[PDB]
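> The following file, data.json, comprises JSON, N, CA and C atoms:
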```
[["chain", "number", "residue", "atom", "x", "y", "z"],
["A", 1, "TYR", "N", 19.96, -10.18, -7.42],
["A", 1, "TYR", "CA", 18.57, -10.41, -6.94],
["A", 1, "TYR", "C", 17.60, -9.58, -7.82],
["A", 2, "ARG", "N", 16.41, -10.13, -8.21],
["A", 2, "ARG", "CA", 15.41, -9.53, -9.18],
["A", 2, "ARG", "C", 15.52, -7.99, -9.37],
["A", 3, "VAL", "N", 15.63, -7.48, -10.61],
["A", 3, "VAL", "CA", 15.49, -6.00, -10.87],
["A", 3, "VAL", "C", 14.68, -5.93, -12.25],
["A", 4, "UNK", "N", 13.32, -6.14, -12.35],
["A", 4, "UNK", "CA", 12.53, -5.85, -13.57],
["A", 4, "UNK", "C", 12.64, -6.99, -14.62],
["A", 5, "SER", "N", 13.36, -6.76, -15.73],
["A", 5, "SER", "CA", 13.74, -7.86, -16.67],
["A", 5, "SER", "C", 15.07, -8.54, -16.25],
["A", 6, "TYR", "N", 14.97, -9.24, -15.09],
["A", 6, "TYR", "CA", 16.09, -9.87, -14.37],
["A", 6, "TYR", "C", 15.59, -10.68, -13.17],
["A", 7, "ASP", "N", 16.21, -11.87, -13.02],
["A", 7, "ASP", "CA", 16.30, -12.64, -11.77],
["A", 7, "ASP", "C", 17.79, -13.09, -11.77],
["A", 8, "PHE", "N", 18.68, -12.17, -11.30],
["A", 8, "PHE", "CA", 20.17, -12.25, -11.41],
["A", 8, "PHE", "C", 20.83, -13.53, -10.83],
["A", 9, "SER", "N", 20.58, -13.90, -9.54],
["A", 9, "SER", "CA", 21.30, -14.97, -8.76],
["A", 9, "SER", "C", 22.87, -14.85, -8.82],
["A", 10, "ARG", "N", 23.30, -13.69, -8.29],
["A", 10, "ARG", "CA", 24.65, -13.09, -8.46],
["A", 10, "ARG", "C", 25.11, -12.31, -7.18],
["A", 11, "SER", "N", 24.47, -11.16, -6.84],
["A", 11, "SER", "CA", 24.90, -10.13, -5.83],
["A", 11, "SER", "C", 26.39, -9.61, -5.80],
["A", 12, "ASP", "N", 27.14, -9.90, -6.88],
["A", 12, "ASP", "CA", 28.45, -9.32, -7.26],
["A", 12, "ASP", "C", 28.29, -8.68, -8.68],
["A", 13, "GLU", "N", 27.61, -9.36, -9.65],
["A", 13, "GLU", "CA", 27.12, -8.77, -10.93],
["A", 13, "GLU", "C", 25.99, -7.68, -10.74],
["A", 14, "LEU", "N", 25.01, -7.90, -9.82],
["A", 14, "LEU", "CA", 24.02, -6.88, -9.41],
["A", 14, "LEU", "C", 24.43, -5.93, -8.24],
["A", 15, "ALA", "N", 25.62, -6.10, -7.64],
["A", 15, "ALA", "CA", 26.26, -5.09, -6.78],
["A", 15, "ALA", "C", 27.10, -4.18, -7.68],
["A", 16, "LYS", "N", 27.66, -4.70, -8.80],
["A", 16, "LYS", "CA", 28.30, -3.95, -9.89],
["A", 16, "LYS", "C", 27.52, -2.72, -10.48],
["A", 17, "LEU", "N", 26.21, -2.94, -10.77],
["A", 17, "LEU", "CA", 25.26, -1.94, -11.32],
["A", 17, "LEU", "C", 24.90, -0.83, -10.27],
["A", 18, "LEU", "N", 24.59, -1.26, -9.02],
["A", 18, "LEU", "CA", 24.46, -0.40, -7.80],
["A", 18, "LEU", "C", 25.78, 0.32, -7.34],
["A", 19, "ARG", "N", 26.95, -0.30, -7.61],
["A", 19, "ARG", "CA", 28.33, 0.27, -7.52],
["A", 19, "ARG", "C", 28.57, 1.39, -8.59],
["A", 20, "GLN", "N", 28.21, 1.11, -9.86],
["A", 20, "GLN", "CA", 28.14, 2.07, -10.99],
["A", 20, "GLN", "C", 27.17, 3.29, -10.77],
["A", 21, "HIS", "N", 25.94, 3.07, -10.22],
["A", 21, "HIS", "CA", 24.98, 4.13, -9.83],
["A", 21, "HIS", "C", 25.27, 4.48, -8.34],
["A", 22, "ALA", "N", 26.13, 5.50, -8.13],
["A", 22, "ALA", "CA", 26.60, 5.95, -6.77],
["A", 22, "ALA", "C", 26.48, 7.48, -6.49],
["A", 23, "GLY", "N", 26.88, 8.37, -7.44],
["A", 23, "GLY", "CA", 26.80, 9.83, -7.25],
["A", 23, "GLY", "C", 27.29, 10.63, -8.46]]
```
When written as C-alpha cells, how does the structure in this file appear?

Amino acid sequence: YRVXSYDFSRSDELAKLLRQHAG
C-alpha cells in the first residue's frame, strides 16, 4: 500500500520492508 515513490498493491512485499524495519 502507497509509501512515497510507491503504490505497491502487495502487502507481503510491503510487509517485508516493515518486517525488515523492526528493532
> Please give the complete set of residues from chain A that DSSP, run on the backbone, assigns to alpha helix (DSSP H), formatted as JSON, numbers by chain.
{"A": [13, 14, 15, 16, 17, 18, 19, 20]}
> Keeping N, CA and C atoms, export the residues of the selection given above as a PDB file, in the frame of the given file.

```pdb
ATOM      1  N   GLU A  13      27.610  -9.360  -9.650  1.00  0.00           N
ATOM      2  CA  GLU A  13      27.120  -8.770 -10.930  1.00  0.00           C
ATOM      3  C   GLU A  13      25.990  -7.680 -10.740  1.00  0.00           C
ATOM      4  N   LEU A  14      25.010  -7.900  -9.820  1.00  0.00           N
ATOM      5  CA  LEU A  14      24.020  -6.880  -9.410  1.00  0.00           C
ATOM      6  C   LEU A  14      24.430  -5.930  -8.240  1.00  0.00           C
ATOM      7  N   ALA A  15      25.620  -6.100  -7.640  1.00  0.00           N
ATOM      8  CA  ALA A  15      26.260  -5.090  -6.780  1.00  0.00           C
ATOM      9  C   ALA A  15      27.100  -4.180  -7.680  1.00  0.00           C
ATOM     10  N   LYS A  16      27.660  -4.700  -8.800  1.00  0.00           N
ATOM     11  CA  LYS A  16      28.300  -3.950  -9.890  1.00  0.00           C
ATOM     12  C   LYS A  16      27.520  -2.720 -10.480  1.00  0.00           C
ATOM     13  N   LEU A  17      26.210  -2.940 -10.770  1.00  0.00           N
ATOM     14  CA  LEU A  17      25.260  -1.940 -11.320  1.00  0.00           C
ATOM     15  C   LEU A  17      24.900  -0.830 -10.270  1.00  0.00           C
ATOM     16  N   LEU A  18      24.590  -1.260  -9.020  1.00  0.00           N
ATOM     17  CA  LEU A  18      24.460  -0.400  -7.800  1.00  0.00           C
ATOM     18  C   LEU A  18      25.780   0.320  -7.340  1.00  0.00           C
ATOM     19  N   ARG A  19      26.950  -0.300  -7.610  1.00  0.00           N
ATOM     20  CA  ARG A  19      28.330   0.270  -7.520  1.00  0.00           C
ATOM     21  C   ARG A  19      28.570   1.390  -8.590  1.00  0.00           C
ATOM     22  N   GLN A  20      28.210   1.110  -9.860  1.00  0.00           N
ATOM     23  CA  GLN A  20      28.140   2.070 -10.990  1.00  0.00           C
ATOM     24  C   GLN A  20      27.170   3.290 -10.770  1.00  0.00           C
TER      25      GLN A  20
END
```
> Calculate how many Å separate atom CA of residue A:23 from atom CA of residue A:11, rounding to one decimal.
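Distance between the two atoms: 20.1 Å.
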> When you draw a straight line from atom C of residue A:14 to atom CA of residue A:2, how long is it in Å?
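Between atom C of residue A:14 and atom CA of residue A:2 the gap is 9.8 Å.
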> Using Å and a single decimal, report how far atom C of residue A:1 sits from atom N of residue A:20.
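If I compute the distance from atom N of residue A:20 to atom C of residue A:1, I get 15.2 Å.
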